[PDB]
Amino acid sequence: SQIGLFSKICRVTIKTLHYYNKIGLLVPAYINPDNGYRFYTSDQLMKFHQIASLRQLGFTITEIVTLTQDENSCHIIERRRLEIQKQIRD
DNA sequence: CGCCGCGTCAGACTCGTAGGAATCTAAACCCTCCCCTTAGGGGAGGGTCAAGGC
């Protein structure tokens with residue numbers, strides 16, 4: 001699935017997928033070496049689902065690039081919770 | 001104007017590897033300019049992919 005079809009699946013911008021492939025989170029399955037076309041798979045839909053689930057929780061993207069591969073990191077969730085509590089009280 | 005001692009200037013072998021020279025040293029202010037930070041958006045410029053139309 002090309003980047004337009006996949007972007008239509010997730011209801012997200014093509015620029016979002018470009019940015020994500022740039023920062024390393026959600027790199028596509030197959031990069032066509034001739035023209036650079038990004039092709040995607042449902043395994044990328046499953047990675048993007050949790051990416052969006054964490055993004056909807058307020059985690060910054062560089063927090064996500066640590067949270068989704070170093071799965072055992074647990075202090076960053078009570079940390080984000082105390083940070084949101086301080087922001088809400090303010 | 002001529003000659004004599006003095007000031008000055010210019011020259012002085014080709015192969016390998018080692019192989020350089022090593023001291024000394026304002027600070028507190030202000031300014032502009034350039035790049036940087038999210039999480040991507042927007043566009044320009046340039047390519048690429050299947051459709052067919054003759």
Side-chain angles (χ1 to χ4, degrees):
Chain A
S1 44
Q2 284 178 162
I3 195 156
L5 269 297
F6 193 69
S7 67
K8 283 292 175 68
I9 293 178
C10 318
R11 181 179 180 274
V12 77
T13 57
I14 298 181
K15 275 308 196 167
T16 296
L17 306 175
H18 280 174
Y19 173 60
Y20 285 177
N21 183 205
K22 191 183 62 178
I23 52 168
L25 62 80
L26 193 67
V27 301
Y30 173 45
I31 291 94
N32 198 319
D34 271 319
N35 57 4
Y37 276 20
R38 300 164 169 92
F39 296 92
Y40 285 88
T41 60
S42 65
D43 292 331
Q44 330 281 324
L45 210 174
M46 197 272 291
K47 173 162 173 180
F48 181 85
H49 188 266
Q50 71 95 354
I51 286 167
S53 74
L54 297 178
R55 180 76 251 165
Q56 203 182 10
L57 263 48
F59 290 80
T60 79
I61 302 295
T62 181
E63 272 300 342
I64 297 189
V65 176
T66 186
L67 205 62
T68 71
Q69 311 74 8
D70 190 17
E71 214 175 338
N72 63 60
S73 180
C74 295
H75 66 272
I76 289 167
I77 308 103
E78 62 253 56
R79 161 162 162 266
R80 172 67 200 171
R81 176 179 166 197
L82 56 87
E83 193 269 321
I84 183 174
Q85 286 184 352
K86 183 180 186 293
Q87 292 190 356
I88 189 54
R89 190 171 42 242
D90 301 359

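Note that these values count all heavy atoms, side chains included, but never hydrogens, waters or copies made by symmetry. Just so it is clear: chains get the letters A, B, ... in the order the sequence lines come, proteins before strands, and each one is counted from 1.
Residues passing the side-chain contact (heavy atoms from CB on, under 4.5 Å) test with A:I23 are A:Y19, A:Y20, A:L25, A:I61, sequence neighbours excluded. With sequence neighbours left out, A:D70 forms a salt bridge (charged side-chain N to carboxylate O under 4.0 Å, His left out) with no residue at all. Applying the side-chain hydrogen bond (donor to acceptor under 3.5 Å, both in side chains) criterion to A:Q87, with sequence neighbours excluded, gives A:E83. Partners of A:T16 by side-chain hydrogen bond (donor to acceptor under 3.5 Å, both in side chains), not counting sequence neighbours, listed by chain and number: A:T13.
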Using Watson-Crick and G-U wobble pairs with both distances under 3.5 Å, what is the 5'-to-3' dot-bracket string of DNA chain B, with [ ] for crossing pairs and | for pairs outside the strand?
......................................................
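Taking 4.0 angstrom as the limit, A:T13 places none of its side-chain polar atoms (N or O) nearer than this to OP1 or OP2 of B:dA39.
Using the sign of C1'-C2'-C3'-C4' as the criterion, B:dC29 is classed as a north pucker. The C1'-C2'-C3'-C4' torsion of B:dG16 is positive, which assigns its sugar to the north, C3'-endo side. A positive value of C1'-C2'-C3'-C4' puts the sugar of B:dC15 in the north, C3'-endo-like family. For B:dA22, the ring torsion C1'-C2'-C3'-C4' comes out negative, which puts the sugar in the south group. Judged by the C1'-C2'-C3'-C4' torsion, which is positive here, the sugar of B:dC30 sits on the north, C3'-endo side.
Atom-to-atom, NZ of A:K22 to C1' of B:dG41 comes out at 12 Å; the value is rounded to the nearest Å. For the pair A:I64 CD1 and B:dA39 P, the interatomic distance rounds to 8 Å; values are reported in whole Å. Distance A:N32 CG to B:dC49 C1': 11 Å, rounded to the nearest Å. Across the protein-nucleic acid pair, A:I14 atom CD1 and B:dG41 atom P stand 11 Å apart, rounded to whole Å.
Both conditions of the stacking definition, centres under 5.5 Å apart and planes under 30° apart, are satisfied by the base rings of B:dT8 and B:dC9.
A:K86 has a carboxylate O that lies under 4.0 Å from a charged side-chain N of A:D90, or vice versa, which qualifies the two as a salt bridge.
For residues 58-69 of chain A, every residue pair satisfying the side chain to side chain donor-acceptor pair (under 3.5 Å) rule, not counting sequence neighbours, is listed here: A:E63-A:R79.
Mapping A:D34 and A:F59 onto DNA chain B by nearest heavy atom places A:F59 at the nucleotide closer to the 5' end.
Proximity of residues 39-52 of chain A to DNA chain B (heavy atom under 4.0 angstrom from any strand atom) is not detected for any residue.
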Contacts under 3.5 angstrom, residues 27-41 of chain A side chains, donor-acceptor by atom type, not counting sequence neighbours:
residue, atom, partner, partner atom, Å
A:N32, OD1, A:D34, N, 3.2
A:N35, OD1, A:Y37, N, 3.2
A:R38, NE, A:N21, OD1, 2.9
A:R38, NH1, A:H18, NE2, 3.3
A:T41, OG1, A:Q44, NE2, 3.3

Donor-acceptor pairs under 3.5 Å, side chain of residues 48-57 of chain A to any protein atom, not counting sequence neighbours: which ones?
residue, atom, partner, partner atom, Å
A:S53, OG, A:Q50, O, 2.7
A:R55, NH1, A:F59, O, 2.9
A:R55, NH2, A:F59, O, 3.4

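Of all non-hydrogen atoms in A:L67 and A:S73, the two that sit nearest each other are CD1-O, 4.0 Å.
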Protein-nucleotides 35-38 of chain B N/O pairs under 3.5 Å:
none

Using side chain to side chain contact (heavy atoms under 4.5 Å, CB included), reason through A:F6 and A:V12 one step at a time and then give a plain yes or no.
CA-CA 9 Å; A:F6 193 69; A:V12 77; over 6 Å; no
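A:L82 shares a hydrophobic cluster with no other residue; no ILVMFWY side chain has heavy atoms under 4.5 Å from its own.
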A correct 5'-to-3' footprint of nucleotides 42-47 of chain B, with B, S and - meaning base, sugar-phosphate only and no protein heavy atom under 4.0 Å, is BB---B
